[PDB]
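In what follows, a structure is listed as structure tokens, so that the remarks can point back to it.
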Amino acid sequence: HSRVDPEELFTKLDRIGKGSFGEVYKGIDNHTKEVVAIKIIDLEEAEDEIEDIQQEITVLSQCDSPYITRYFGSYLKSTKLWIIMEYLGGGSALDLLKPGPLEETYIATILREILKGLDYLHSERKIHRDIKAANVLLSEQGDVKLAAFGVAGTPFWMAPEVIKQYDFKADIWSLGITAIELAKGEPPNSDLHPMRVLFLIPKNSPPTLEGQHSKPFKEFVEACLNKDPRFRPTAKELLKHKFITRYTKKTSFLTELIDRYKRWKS
Amino acid sequence: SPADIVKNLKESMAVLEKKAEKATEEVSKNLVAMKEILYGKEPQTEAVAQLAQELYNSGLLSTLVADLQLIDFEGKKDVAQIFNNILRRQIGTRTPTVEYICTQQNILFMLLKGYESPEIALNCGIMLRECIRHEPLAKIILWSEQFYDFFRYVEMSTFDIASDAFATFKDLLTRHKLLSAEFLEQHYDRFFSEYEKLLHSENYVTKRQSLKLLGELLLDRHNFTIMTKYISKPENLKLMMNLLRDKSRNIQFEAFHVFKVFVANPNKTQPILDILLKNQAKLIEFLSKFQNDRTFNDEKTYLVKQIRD
Ligand SMILES: CCN(CC)CCNC(=O)c1c(C)[nH]c(/C=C2\C(=O)Nc3ccc(Cl)cc32)c1C
């Protein structure tokens, strides 16, 4: 306690988040022997009026919800800042798509838990700024929690009002893109160059769920994907939508997708 | 009525300090109740005055701060909002809450000690940084021995804290300038002895943060006497010239914004001049190749002119 090198209590092991997040490891607390996820960020010029870093940290310390990844604390020796957080060994929602497609029973359940996470953040006047399948993670019991980094971009899941210059209604748009991502495996205009997409989003019509899917699903996506942010529903209204209220499958039901991936990789 | 809410929260807090829970439920619900009195549907002008007067007479403010660890997470956040709201409460040209904290000084010392407890350290800073906005409250802490505990908190190796105890450290030395200048004028020898250790710290953040504040303090028009005493000491010039060299870029950059004060001094001393001439040439060459981009060089020329003359 107080003035002690982070490695004295937290040790590093592997490297999860395949270079995706800013260098995140798997680790244990040498005292409690329980698993955690450690992110190390260099500080020595890399940056250095990147000081506003507290924004990500202060907000994380203000976030207390079972639908958001919890923040345990941050430590520094000189260079290299250690950010310790919750560990979710169930992988991301994108990793559950790699084996195959998802039935609407699972998709409706996941979006129900994402909305709960958005319901908390918006009530705390905080914005996630980056909603997608990669940032939606699961535990081993099937608990769906959102990410953490960025709370207060990634084209394809952007809102048109953000590109033109990020009110909380933009997260609803990103949720609408994610709804398509859960049903297609990839966001609309995925094969296009991300820069071209930034030019087409505010100008063209909002994407639509096409194919052999249910209408409440296609109506749910239509509701979120509205170029006028005023007409986009809240995170509380969508919890009462037809597509969500139908399937009342618990979070433990999402353990089937966790197992399907652990056998897929063989 | 607020009078009933205070008494309901006062009795429930006495329970905490298995069969608990009920108290934790009451504490949580009553903390929210107080918040809606101060904020709302718009807060009523007499509801906040009945509440504040009952907080003084019951001594609940000192109670919540003391047993802050026992409160739940959301509760700790609610306590801060309730605390900061009545602290800003004014009755004409007076501030009744501030006058109350002056009578209950331990409330300030309790918040200050909160940095040693991580569970409430962040909350104990948000409330502390509000108190020091008022000069009478900022004065009690400044001339207290607990003020020197800040030099331990700023290098506490707990990043979410530490910096928070540094933001309070700056706000105590910069906000009330006449108050700070008086303190530095008297406590010069002890303060800068402690401050010197921050400039020799094995911490990139702590070192450059202290180096930035040091630049602001000396340059401020109120700390003139403190400045002239600092830029006359030989070691203070030796230290700045050393930081100008190796290690970091931003550190050697801020070392420049303090080193120039030594040079700009029209009242140099012989010990400060024997250093500038025994190392006469090297400075002229090092400044010409001093790094090196988009800001600055107009100062790097006038300094050369001074060392040359
Ligand atoms: C076999 C795993 N499979 C192939 C790699 C997919 C699961 N991916 C991981 O290894 C992984 C794990 C075990 N954890 C994570 C992400 C975590 C994590 O484990 N904790 C955590 C806290 C906050 C945030 Cl924003 C993100 C995370 C990831 C991306």
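Would you be able to tell me the number of residues in region B:126-171 that are part of a helix (DSSP H, G or I), buried (at least 23 other Cβ atoms within 10 Å of the Cβ) and within 13 Å of chain A (Cβ to nearest Cβ)?
Going through region B:126-171 one residue at a time, the tally reaches 3.
For region B:161-176, check the following and say yes or no: at least one residue is more than 30 Å from B:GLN90 (Cα to Cα) and of a type outside the set (S, T, N, Q). Steps first, answer last, please.
Pass one, region B:161-176, residues more than 30 Å from B:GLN90 (Cα to Cα): B:161-163.
If we keep only those that are of a type outside the set (S, T, N, Q) as well, we get B:161-162.
Yes: one or more hits.
Find all pairs meeting these conditions: Cβ atoms under 6 angstrom apart; at least six residues apart or on different chains; first residue within region A:88-103 and over 14 Å from A:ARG263 (Cβ atoms); second residue hydrophobic (A, V, I, L, M, F, W, C) and assigned to a loop (DSSP other than H, G, I, E, B).
A:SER92/A:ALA134; A:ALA93/A:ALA133; A:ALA93/A:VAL136; A:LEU94/A:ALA133; A:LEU94/A:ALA134
Give the residue, chosen from A:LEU97, A:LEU43, that is part of a loop (DSSP other than H, G, I, E, B) and within 13 Å of the ligand (Cβ to nearest atom). Before you say what the answer is, go through the steps one by one.
Details: A:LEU43 fails: within 13 Å of the ligand (Cβ to nearest atom).
Just one listed residue meets the conditions, A:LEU97.
Return a yes/no flag: does region B:7-15 have any residue that is of a type in the set (D, E, K, R) and on the phi > 0 side of the Ramachandran plot.
There is no residue in region B:7-15 that is of a type in the set (D, E, K, R) and on the phi > 0 side of the Ramachandran plot.
Which ones in region A:136-168 are within 16 Å of the ligand (Cβ to nearest atom) and out of contact with any helix residue (DSSP H, G or I) (no Cβ under 8 Å at 6 or more places or on another chain)?
Residues satisfying the conditions are A:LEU137, A:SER139, A:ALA147, A:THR154.
Considering every residue within region A:185-205, establish whether at least one is away from the ligand (no atom under 16 Å from the Cβ), assigned by CATH to the domain that holds A:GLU256 and under 28 Å from A:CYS63 (Cβ atoms).
Yes, some residue in region A:185-205 is away from the ligand (no atom under 16 Å from the Cβ), assigned by CATH to the domain that holds A:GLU256 and under 28 Å from A:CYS63 (Cβ atoms).
Is it the case that some residue within region B:212-230 is within 18 Å of B:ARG152 (Cα to Cα) and either out of contact with any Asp or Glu (no Cβ under 8 Å at 6 or more places or on another chain) or not in a helix (DSSP H, G or I) (or both)? Please lay out each step first, then the result.
In the first step, residues of region B:212-230 are kept if they are within 18 Å of B:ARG152 (Cα to Cα); the result is B:213-214.
So of that shortlist, the ones also either out of contact with any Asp or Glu (no Cβ under 8 Å at 6 or more places or on another chain) or not in a helix (DSSP H, G or I) (or both) come out as B:213-214.
Taking every residue of region B:212-230 in turn, at least one turns out to be within 18 Å of B:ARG152 (Cα to Cα) and either out of contact with any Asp or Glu (no Cβ under 8 Å at 6 or more places or on another chain) or not in a helix (DSSP H, G or I) (or both).
Among what's in region B:240-279 and is among the hydrophobic types (A, V, I, L, M, F, W, C) and within 14 Å of another protein chain (Cβ to nearest Cβ), pick the residue that is farthest from the chain's Cα centre (by Cα).
Per the criteria, the residue is B:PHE253.
In the set B:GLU42, B:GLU54, which member is farther than 23 Å from B:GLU17 by Cα and acidic (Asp, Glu)?
Values: B:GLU54 fails: farther than 23 Å from B:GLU17 by Cα.
Unique residue meeting the criteria: B:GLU42.
Just to be sure I understand the filter: pairs with C-beta atoms under 7 Å, separated by 6 or more residues or on different chains, first member in region A:3-16 and closer than 15 Å to A:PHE72 by Cβ, second member surrounded by fewer than 11 Cβ atoms within 10 Å (Cβ to Cβ). Which pairs pass?
Within 7 Å, the pairs are A:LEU9/A:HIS31.
Being more than 9 Å from the ligand (Cβ to nearest atom) and within 14 Å of another protein chain (Cβ to nearest Cβ), is that true of even one residue in region A:12-19?
no
Can you find, within region B:43-89, the residue that is surrounded by the fewest Cβ atoms within 10 Å (Cβ to Cβ) among those that are more than 24 Å from the chain's Cα centre (by Cα) and in a loop (DSSP other than H, G, I, E, B)?
B:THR45
Can you tell me which residues in region A:232-266 are farther than 13 Å from A:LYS116 by Cβ, under 20 Å from the mean Cα position of the chain (by Cα), more than 16 Å from the ligand (Cβ to nearest atom) and hydroxyl-bearing (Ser, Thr, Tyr)?
Across region A:232-266, the qualifying residue is only A:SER252.
Scan A:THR58, A:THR79, A:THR32 and give me the residue that is in a loop (DSSP other than H, G, I, E, B), of a type outside the set (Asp, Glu) and within 8 Å of another protein chain (Cβ to nearest Cβ).
Unique residue meeting the criteria: A:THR79.
State yes or no: is A:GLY89 within 15 Å of the ligand (Cβ to nearest atom), more than 14 Å from the chain's Cα centre (by Cα) and either surrounded by fewer than 16 Cβ atoms within 10 Å (Cβ to Cβ) or part of a loop (DSSP other than H, G, I, E, B) (or both)?
Spelling it out, A:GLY89 is indeed within 15 Å of the ligand (Cβ to nearest atom), more than 14 Å from the chain's Cα centre (by Cα) and either surrounded by fewer than 16 Cβ atoms within 10 Å (Cβ to Cβ) or part of a loop (DSSP other than H, G, I, E, B) (or both).
Taking the conditions exactly as written (touching a helix residue (DSSP H, G or I) at 6+ places or on another chain (Cβ under 8 Å), within 13 Å of the ligand (Cβ to nearest atom) and within 14 Å of chain B (Cβ to nearest Cβ)), does A:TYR71 satisfy them or not?
Values: touching a helix residue (DSSP H, G or I) at 6+ places or on another chain (Cβ under 8 Å): yes; within 13 Å of the ligand (Cβ to nearest atom): yes; within 14 Å of chain B (Cβ to nearest Cβ): yes.
Spelling it out, A:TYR71 is indeed touching a helix residue (DSSP H, G or I) at 6+ places or on another chain (Cβ under 8 Å), within 13 Å of the ligand (Cβ to nearest atom) and within 14 Å of chain B (Cβ to nearest Cβ).
Here Cβ is always computed from backbone atoms with ideal geometry, including for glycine, and neighbour counts include all displayed protein chains. Numbers and lists here come from the model and the stated rules, or from a named source; nothing here is a laboratory result.
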